[PDB]
């Protein structure tokens, strides 16, 4: 198993099998991202129960470097896998970080991010800008 994050969160097993919530592309990072969630998160996302998200919801964002497809240069496609970011909802347990447990694992080798157990204050530094939306930027993508 990969090492736990410095705040004690273990890597959610099976996240690559989870359902999609959305996708994104971060210009400044030259990354394509997929956002998945466990079934608690997906149910909440689809039913709009995101104020707050429920206890047990886990979101995962998977980031790859952007490359261009060798056969179709206008298609930006994933190259190198760069990291997996997680938010785990537990209003009581992570009340000090807004009710979410943050954790990041880097690369194929899955090195836990962060110098110490307060690393999540970095995450909060930006995610506080989405405080009105329970610290979550992502808007579930529309589907029929």
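Positions refer to the first chain, counted from 1.
As listed in the deposited structure, the average C-alpha B-factor of 85-93 and of 33-41 is greater for 85-93. Stretch comparison (46-54 versus 63-71) by mean CA B-factor in the PDB entry places 46-54 on top. Across 106, 103, 77, 115, the entry's maximum B-factor at the CA atom is seen for 115. Across the residues 20, 120, 133, 126, the deposited record lists the maximum Cα B factor for 133.
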